[PDB]
């Protein structure tokens, strides 16, 4: 017997400010690092950027009406820091807060629970110029001031808050792979910026307990659970290292306020461990979250990697299947194709059982409730005559993942909700507009901006029925 989804289950969908809003220079908004980064040639797919995105800043009423038609119980969005503090610090921009006030009111007036995400990668460029943004401890108080501003203005109406969305992605991509701003390839700087982000996460959670005492808050982690390739002891050891280096390194800090020791010792041997100040451990250990946010898309299978072995591999940002290659850390592990699952056209593994596994691992290690803040299928969609988008492939992916959530709940995992990525089509930061995730098709591609009109996909009606039956009919 499978348990039902709890009556309070938050059936959601999600977006991110830079990928959805547009209005990049309106109403006093400052430049974010992504405004500046995406305009540099070669940084994004076909030069696509968020100047207009899908224009949700001007069309939020239409989009929320579509959410209400679908019956969404929750909508997770991120607030653009540079709309609220165009400088990062300094004077608050009332016009920026007013947009999110109007958005939250539109959501509440349609019975949709807002889930406010504080940070999705868009620190104001002014803070990068002033002091290197996440590489300086000055960002802890500046981020805290920004968060407290939002807590005071919206805490009366927003129960659920996410602090840093995918810190492991914006840190690793920004400082190890050089694919996100600041475009750095320096592991020492990566772990320093990462430690400061950990302190910022902890500081704002502490502030949240003061300003929103009955709210619920947590970071959201981009979780690819690791698998060993097989039972060869060296491959299981590679899995132990991969899970600790890629996943425990973040979630142990979020849950326990401690870095895992083997990873710490390895980094220390390379001279890469972060600088620790007196009080750091105390602050990190005291900032217990109400839930672990989880962005899940795929598992990763790993195998042994000799000391002279694989480092950085090829990443698929074109949609040409089979173009990704193995990446790893010499001496510890490297990725390998999992022969037992299929992949998307961007070589992302399709592994719904892996979501049950990841939920089980988090509950087993940390005993935390989980809010699934992102999950979805990025794929090409075709607009057929009659405003028909037959995205059965997206329905299939979503169905199987939701089925596995129900099994994890039956296993005893406390899952608060499920936010599909994404509500409407939106900009993929590095993959352009053709890698679509929405329930709602948006009419543009990478060449032609067209009119951005909204068209309900077949998956829209499928998820409408999911919510209508509280997940009993998948």
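Residue numbers count along the first chain shown, from 1.
Enquirer: Going by the mean C-alpha B-factor recorded in the entry, which is higher: 358-366 or 382-390?
Expert: Mean CA B-factor is higher for 382-390.
Enquirer: Going by the mean C-alpha B-factor recorded in the entry, which is higher: 234-242 or 319-327?
Expert: The deposited B-factors put 319-327 ahead on the C-alpha mean.
Enquirer: Say you rank 228, 111, 182, 124 by Cα B-factor from the PDB entry; which sits at the top?
Expert: Of the candidates given, the C-alpha B-factor peaks at 111.
Enquirer: Specify which of 376, 174, 352, 278 carries the largest Cα B factor in the deposited PDB entry.
Expert: The listed residue with the largest C-alpha B-factor is 278.
Enquirer: Please rank the C-alpha B-factors of the chain's modelled residues and tell me whether residue 35 sits in the lowest, middle or highest third.
Expert: It falls in the middle third of the chain.
Enquirer: How does residue 55 rank on Cα B-factor within its chain, lowest, middle or highest third?
Expert: As the PDB entry reports it, the C-alpha B-factor of residue 55 lands in the lowest third of its chain.
Enquirer: Can you tell me which third, lowest, middle or highest, the CA B-factor of residue 162 falls into for its chain?
Expert: CA B-factor rank for residue 162: middle third.
Enquirer: Residue 8's Cα B-factor: lowest, middle or highest third of the chain?
Expert: CA B-factor rank for residue 8: highest third.
Enquirer: Give the position of residue 102 by CA B-factor within its chain, expressed as the lowest, middle or highest third.
Expert: Within its chain, residue 102 is a highest-third residue by C-alpha B-factor, going by the deposited values.
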